[PDB]
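Trainee:
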Amino acid sequence: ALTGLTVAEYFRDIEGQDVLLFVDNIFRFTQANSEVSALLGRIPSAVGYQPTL
Amino acid sequence: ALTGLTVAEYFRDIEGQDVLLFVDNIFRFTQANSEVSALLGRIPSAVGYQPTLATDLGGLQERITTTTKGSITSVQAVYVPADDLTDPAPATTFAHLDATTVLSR
Amino acid sequence: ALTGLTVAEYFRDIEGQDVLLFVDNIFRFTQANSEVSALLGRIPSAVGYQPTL
Amino acid sequence: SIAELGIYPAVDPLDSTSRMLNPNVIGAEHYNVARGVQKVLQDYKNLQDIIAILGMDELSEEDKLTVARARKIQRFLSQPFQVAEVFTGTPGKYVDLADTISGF
Amino acid sequence: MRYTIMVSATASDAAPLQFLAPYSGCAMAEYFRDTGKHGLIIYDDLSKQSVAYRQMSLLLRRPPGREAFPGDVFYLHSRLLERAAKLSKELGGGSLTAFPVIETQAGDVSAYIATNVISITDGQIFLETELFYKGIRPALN
Amino acid sequence: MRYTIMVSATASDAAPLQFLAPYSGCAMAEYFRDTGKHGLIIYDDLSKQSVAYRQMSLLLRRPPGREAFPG
Amino acid sequence: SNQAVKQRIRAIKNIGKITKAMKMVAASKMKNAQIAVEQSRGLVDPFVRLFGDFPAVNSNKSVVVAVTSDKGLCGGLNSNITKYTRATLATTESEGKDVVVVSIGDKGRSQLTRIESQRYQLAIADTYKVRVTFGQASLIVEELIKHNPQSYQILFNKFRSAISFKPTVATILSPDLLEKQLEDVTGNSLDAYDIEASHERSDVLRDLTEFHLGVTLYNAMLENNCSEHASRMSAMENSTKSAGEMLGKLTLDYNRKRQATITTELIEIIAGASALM
């Protein structure tokens with residue numbers, strides 16, 4: 262999702278034009294960080310998510 | 262419940278018979294295995310049972326089969342906690358049952 | 262609550278009289294014990310309270 | 367629960383919010399049609415339990431006027447999409463903004 | 282059985298063998314997908330692969346989530362059911378069709394593992410229990 | 282704006298900045314309370330401060346309680 | 039929240055037990071009111087073979103009566119005949135005639151002024167409280183002869199079976215100004231009868247259509263009273279059923295929230311013990 266913004270942020274900041282960013286399931290960014298954070302040695306937050314959600 | 266199997270597994274494997282094993286309250290087998298996994302420090306799964314709920318029951322129930330020498334047939338009394346059939350202790354027990362005999366008042 | 266009780270236990274024991282003790286929010290005595298009990302090295306009880314509730 | 371009624375897109379109209387739904391932004395009559403539609407749908411939502419157990423035949427006439435109007439705007443918020451033509455067969459419809467304000 | 286492989290990890294088997302057998306079976310059927318042929322796979326009770334994988338995660342002292350499932354129980358079925366593909370003509374044109382099976386509890390399709398696979402799979406064949414006892418079989422909703 | 286201070290710890294800011302911004306804003310607003318004037322502090326999303334305080338406390342390994350919040 | 043469904047469960051568990059009680063009191067009322075409908079059905083038909091049945095007559099004044107229920111949990115009975123009441127008050131009105139609208143039952147006045155506000159004149163209610171008698175229907179008849187119309191229209195639900203209640207229009211022509219005029223077909227149809235009254239035929243007909251009005255009113259509000267108890271026996275068969283299906287979906291959702299509460303409370307205890315141990 263950050264690679265997708267960097268393409269879109271370039272057209273906004275440098276090219277200076279109106280862009281559309283369609284991100285299908287930005288939840289899957291949150292879920293993927295929650296799989297990694299079990300193994301990064303963290304106390305889990307509410308219902309099982311990472312503390313830095 | 263494993264001790265009652267082994268007496269019944271002799272009558273199947275050595276005597277070659279059709280045996281009836283009566284496990285009185287299979288739910289108390291589940292909840293006594295849920296106690297010993299909690300005493301061994303294991304993290305419990307959903308509603309409070311052991312993480313090995315399906316393989317503790319599956320380790321018991323899969324020894325009750327028909328082999329080529331005989332068979333064990335098991336009549337297990339089933340307690341349903343909180344009158345909820347979706348509770349994991351009856352819902353894992355119901356995966357193994359081939360018949361139910363409901364006795365009503 | 263223990264300080265306010267000691268002032269009343271003096272009047273009850275040493276002066277031997279009928280004392281009145283109004284305690285507003287005795288819930289906060291148990292709540293303030295649970296605010297430190299995780300940092301006192303105690304694994305949590307039920308609803309969020311200390312094992313010594 | 368809206369999609370199982372067959373209403374597509376399955377948008378909850380009483381959960382969908384925008385900061386553009388503001389009478390200084392979209393206009394006065396767009397905003398009033400929108401808040402008027404949400405009031406009919408909320409009033410029908412309040413009637414769902416008593417319709418479920420007592421039935422349609424026990425409400426007031428003022429109530430069963432809005433039950434029939436909210437059942438009309440529930441279906442009319444649905445729309446065939448041009449990308450759903452491949453599995454539905456119904457051709458899609460690009461509705462203009464003026465066509466949905468005066469339609470509603 | 283002339284065309285069928287049977288990969289069985291039963292209830293008495295160890296939980297990592299039940300976790301693995303959907304992947305062992307999908308590798309056997311990907312032989313036919315990759316060499317231009319066509320394959321069908323039925324993972325009967327991916328509901329029970331999840332319980333085998335929940336057992337491994339909780340015995341690894343990993344922090345549990347919805348219904349004590351691990352946070353990667355989505356990815357468990359996700360990387361499994363994405364291998365059922367229809368390849369291009371430059372890769373052979375072979376195909377693998379998957380039929381995952383999920384057992385619900387009281388018709389609750391909004392359970393955790395059930396809604397996970399509904400967002401992975403393309404379609405859905407919902408078999409209803411009230412149609413099943415009325416004699417309508419296959420009890421398709 | 283000639284009467285308003287805006288203390289803004291937004292969502293991109295660090296969790297210690299969102300934990301401290303209610304107190305930073307109150308300390309600015311306590312200037313008016315302490316000098317005889319009248320203040321009006323508005324802590325918008327005090328729910329979001331405790332989410333930032335929970336995050337900051339689970340990473341400091343302080344043991345969680347109900348809904349993983351600190352004691 | 040998890041008690042909000044626990045209180046909602048016990049509420050719907052009692053609705054499905056209340057409306058099972060209201061269904062069986064309506065079934066016990068319907069069985070002993072059915073034994074009075076057939077004994078009242080007899081006296082109706084010597085009048086409609088003596089006076090015929092002429093619903094669409096050119097009256098200049100009418101009294102239309104829509105007899106409904108008192109209580110309103112009967113389920114599509116009292117609004118069904120006000121659909122038929124406007125269906126006749128638009129059928130007769132082709133000549134600019136007078137109409138006085140009368141309703142029997144509280145659910146009739148509450149739904150006739152919704153459609154017909156100005157020609158509504160009289161409201162009879164609390165008819166069905168103890169029982170319906172002929173002396174009661176005679177007085178209700180009498181204030182329909184306080185107005186002096188050319189006809190009367192009675193709108194009631196006829197108790198065919200416990201399932202079907204066909205709405206009936208009953209019509210009574212008032213005697214010497216309109217009843218015999220519709221009988222003036224090749225002389226008169228009433229000239230065959232040898233009047234053995236004390237006074238004249240125009241005066242025996244006054245006593246006879248008043249007796250015809252009091253009989254078809256007593257039968258109207260006795261047919262409609264047990265067409266109401268049969269409609270209440272099935273409106274509480276759809277209510278006990280629907281509140282048993284609602285309670286079924288509500289105990290299943292409580293048991294999901296019961297189980298999810300124990301897992302949530304347990305995970306927070308394990309996450310807090312693992313932070314220390």
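Residue numbers (PDB author numbering), protein chains in the order written: chain D, 262 to 314; chain E, 262 to 366; chain Y, 262 to 314; chain H, 367 to 470; chain C, 282 to 422; chain B, 282 to 352; chain W, 39 to 315.
We put the beta carbon where it would ideally sit given N, CA and C, even for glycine.
Residues of the region 340-351 of chain B in Cβ contact with chain W at a cutoff of 8 angstroms, in chain order, please.
Mentor: Answer in chain order: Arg342, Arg343, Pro344, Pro345, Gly346, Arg347, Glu348, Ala349.
Trainee: Please list, in chain order, the chain Y residues whose beta carbon lies closer than 9 angstroms to that of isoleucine 307 (chain W).
Mentor: As a working mapping, residue 307 (chain W) is identified with position 269 in the seventh sequence. In chain order: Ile304, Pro305, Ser306, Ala307.
Trainee: For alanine 313 (chain W), which residues in chain D fall below 9 angstroms Cβ to Cβ?
Mentor: The count along the seventh sequence starts at 1 and reaches residue 313 (chain W) at position 275. Residues of chain D passing the Cβ test: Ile304.
Trainee: Mind checking whether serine 306 (chain D) and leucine 339 (chain B) have CB atoms under 8 angstroms apart?
Mentor: As a position in the first sequence, residue 306 (chain D) is number 45, starting the count at 1. As a position in the sixth sequence, residue 339 (chain B) is number 58, starting the count at 1. Closer than 8 angstroms, so yes.
Trainee: Whole angstroms are fine: how far does the CA of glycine 282 (chain W) sit from the CA of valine 390 (chain C)?
Mentor: Against the fifth sequence, residue 390 (chain C) aligns to sequence position 109. Against the seventh sequence, residue 282 (chain W) aligns to sequence position 244. Straight-line Cα distance between these residues: approximately 22 angstroms.
Trainee: Using a Cβ-Cβ distance under 8 angstroms, would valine 332 (chain C) count as near chain E?
Mentor: Taking the first residue of the fifth sequence as 1, we reach residue 332 (chain C) at position 51. Yes - at least one Cβ of chain E is within 8 angstroms of the one on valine 332 (chain C).
Trainee: Select from the region 284-302 of chain D all residues with a C-beta closer than 9 angstroms to any C-beta belonging to chain B, and list them in chain order.
Mentor: Against chain B - using a Cβ distance shorter than 9 angstroms - the region 284-302 of chain D contributes no residues.
Trainee: In terms of alpha-carbon separation, which member of C:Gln330, C:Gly388, C:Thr285 lies closest to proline 303 (chain C)?
Mentor: Along the fifth sequence, read from residue 1 onward, the residue named residue 303 (chain C) stands at position 22. Looking at the Cα atoms, C:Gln330 is the closest of the given residues.
Trainee: Taking DSSP as the reference, what is the three-state secondary structure of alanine 379 (chain C)?
Mentor: Position 98 of the fifth sequence, counted from the first residue, corresponds to residue 379 (chain C). Reduced to three states, the DSSP call for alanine 379 (chain C) is strand.
Trainee: Using DSSP's beta-bridge definition, name the partner residues of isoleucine 392 (chain H).
Mentor: Within the fourth sequence, residue 392 (chain H) is the residue found at index 26, counting from 1. Answer is none; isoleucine 392 (chain H) lacks a bridge partner.
Trainee: Short of 7 angstroms in beta carbon distance, which residues of its chain neighbour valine 336 (chain E), apart from the five on each side in sequence? Order them along the chain.
Mentor: To locate residue 336 (chain E), count along the second sequence from 1; it is residue 75. Taken in chain order, the residues that qualify are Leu281, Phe283.
Trainee: Can you tell which of E:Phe290, E:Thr327, E:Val297 has its C-alpha closest to the C-alpha of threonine 354 (chain E)?
Mentor: Start at 1 with the first residue of the second sequence, and residue 354 (chain E) comes out as number 93. For the residues E:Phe290, E:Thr327, E:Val297, the minimum Cα distance to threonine 354 (chain E) belongs to E:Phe290.
Trainee: So, with DSSP's three-state summary, where would you put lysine 167 (chain W)?
Mentor: As a first step, residue 167 (chain W) is located in the seventh sequence; it is residue number 129 there, counting from the start. Looking at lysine 167 (chain W) - three-state DSSP - the assignment turns out to be coil, as it is neither helix nor strand.
Trainee: For the beta strand (DSSP E) that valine 138 (chain W) lies in, which residues bound it at each end?
Mentor: The residue you call residue 138 (chain W) lines up with position 100 of the seventh sequence. Counting along the chain, the beta strand (DSSP E) containing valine 138 (chain W) begins and ends at 136-142.
Trainee: Could you confirm whether any beta carbon from chain E is found closer than 8 angstroms to the beta carbon of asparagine 293 (chain W)?
Mentor: By 1-based counting over the seventh sequence, the position of residue 293 (chain W) is 255. With 8 angstroms as the cut-off, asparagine 293 (chain W) counts as an interface residue toward chain E.
Trainee: One question on the structure: do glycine 317 (chain C) and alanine 310 (chain C) come within less than 8 angstroms of each other, judged by their Cβ atoms?
Mentor: The residue you call residue 317 (chain C) lines up with position 36 of the fifth sequence. The residue you call residue 310 (chain C) lines up with position 29 of the fifth sequence. No, the pair does not count as a contact, with Cβ atoms beyond the cut-off.
Trainee: Using three-state DSSP, classify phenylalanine 355 (chain C) as helix, strand or coil.
Mentor: Numbered from its first residue, the fifth sequence carries residue 355 (chain C) at position 74. Three-state result, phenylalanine 355 (chain C): helix.
Trainee: Determine, using beta carbons only, whether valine 101 (chain W) and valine 63 (chain W) come nearer to each other than 8 angstroms.
Mentor: Translated into the one-based positions of the seventh sequence, residue 101 (chain W) becomes position 63. Translated into the one-based positions of the seventh sequence, residue 63 (chain W) becomes position 25. No, Cβ-Cβ distance for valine 101 (chain W) and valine 63 (chain W) is not below 8 angstroms.
Trainee: Please state the DSSP three-state secondary structure of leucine 281 (chain E).
Mentor: Reading the second sequence from its first residue, position 20 is the one you call residue 281 (chain E). If DSSP states are grouped into helix, strand and coil, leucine 281 (chain E) belongs with the strands.
Trainee: Give me the chain D residues within the contact set of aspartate 353 (chain C), using Cβ-Cβ distance strictly less than 7 angstroms, ordered along the chain.
Mentor: Position 72 of the fifth sequence, counted from the first residue, corresponds to residue 353 (chain C). Ordered by position in chain D, the residues that pass the 7 angstroms Cβ test against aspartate 353 (chain C) are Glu296.
Trainee: Closer than 7 angstroms by beta-carbon distance: list the chain W residues that pair up with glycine 372 (chain H), in chain order.
Mentor: As a first step, residue 372 (chain H) is located in the fourth sequence; it is residue number 6 there, counting from the start. Neighbours of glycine 372 (chain H) on chain W: none; closest Cβ ~20 angstroms, over 7 angstroms.
Trainee: Would you say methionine 60 (chain W) faces chain H, with C-beta separation under 8 angstroms as the test?
Mentor: As a first step, residue 60 (chain W) is located in the seventh sequence; it is residue number 22 there, counting from the start. It does not: the Cβ of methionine 60 (chain W) has no partner Cβ on chain H nearer than 8 angstroms.
Trainee: In chain E, which residues lie with their C-beta within 7 angstroms of the C-beta of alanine 395 (chain C)?
Mentor: Along the fifth sequence, read from residue 1 onward, the residue named residue 395 (chain C) stands at position 114. In chain order: nothing, as chain E lies at least about 13 angstroms away.
Trainee: Within 8 angstroms (strictly less), CB to CB, does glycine 310 (chain W) reach chain B?
Mentor: One-based indexing of the seventh sequence puts residue 310 (chain W) at position 272. Taking Cβ atoms only, chain B reaches closer than 8 angstroms to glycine 310 (chain W), which makes this a yes.
Trainee: How is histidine 250 (chain W) classed by DSSP in three states: helix, strand or coil?
Mentor: Walking along the seventh sequence from the start, residue 250 (chain W) turns up at place 212. Residue state, collapsed to three classes: helix.
Trainee: Less than 8 angstroms separating the beta-carbons of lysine 196 (chain W) and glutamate 248 (chain W)?
Mentor: Counted from its first residue, the seventh sequence places residue 196 (chain W) at position 158. Counted from its first residue, the seventh sequence places residue 248 (chain W) at position 210. Contact: no.
Trainee: Are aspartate 423 (chain H) and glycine 114 (chain W) closer than 8 angstroms when you measure CB to CB?
Mentor: For the purposes of this step, residue 423 (chain H) is taken as the residue at position 57 of the fourth sequence. For the purposes of this step, residue 114 (chain W) is taken as the residue at position 76 of the seventh sequence. A contact, by the Cβ cut-off of 8 angstroms.
Trainee: Would you kindly report the start and end of the unbroken alpha helix (DSSP H) that includes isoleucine 394 (chain C)?
Mentor: Counting from one through the fifth sequence, the residue named residue 394 (chain C) turns up at place 113. Start and end: 393-399.
Trainee: Does the structure place the region 319-338 of chain E close enough to the region 266-278 of chain E that three or more beta carbon pairs sit under 8 angstroms?
Mentor: Cβ pair count under 8 angstroms is three or more, so yes.
Trainee: Below 8 angstroms, can you find three or more Cβ-Cβ pairs linking the region 292-304 of chain W to the region 296-313 of chain E?
Mentor: Contact holds: three or more Cβ-Cβ distances are below 8 angstroms.
Trainee: What are the boundary residues of the alpha helix (DSSP H) that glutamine 45 (chain W) is part of?
Mentor: In the seventh sequence, counting from the first residue as 1, residue 45 (chain W) sits at position 7. 42-79 is the extent of the alpha helix (DSSP H) around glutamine 45 (chain W).
Trainee: Tell me whether the beta-carbon of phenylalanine 89 (chain W) lies closer than 8 angstroms to the beta-carbon of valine 253 (chain W).
Mentor: The sequence position of residue 89 (chain W) within the seventh sequence is 51, counting from 1. The sequence position of residue 253 (chain W) within the seventh sequence is 215, counting from 1. Against a cut-off of 8 angstroms, the Cβ pair of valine 253 (chain W) and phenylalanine 89 (chain W) comes out as no contact.
Trainee: For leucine 193 (chain W), which beta-bridge partners are listed by DSSP?
Mentor: Counting from 1 along the seventh sequence, the entry for residue 193 (chain W) is found at position 155. Looking at the DSSP assignment, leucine 193 (chain W) forms a beta bridge with W:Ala104, W:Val207.
Trainee: Would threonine 299 (chain W) count as contacting chain C if we go by Cβ distances under 8 angstroms?
Mentor: By 1-based counting over the seventh sequence, the position of residue 299 (chain W) is 261. For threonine 299 (chain W), the answer is no, since every Cβ of chain C falls outside 8 angstroms of its Cβ.
Trainee: To the nearest angstrom, report how far apart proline 351 (chain C) and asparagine 116 (chain W) are at their CA atoms.
Mentor: Working through the fifth sequence from its first residue, we reach residue 351 (chain C) at position 70. Working through the seventh sequence from its first residue, we reach residue 116 (chain W) at position 78. Distance between the alpha carbons of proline 351 (chain C) and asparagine 116 (chain W) is about 59 angstroms.
Trainee: Compare the Cα-Cα distances from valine 332 (chain C) to each of C:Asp315, C:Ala292, C:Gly306 and report the closest residue.
Mentor: Here residue 332 (chain C) refers to the residue found at position 51 of the fifth sequence. Out of C:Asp315, C:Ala292, C:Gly306, C:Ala292 has the C-alpha closest to the C-alpha of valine 332 (chain C).
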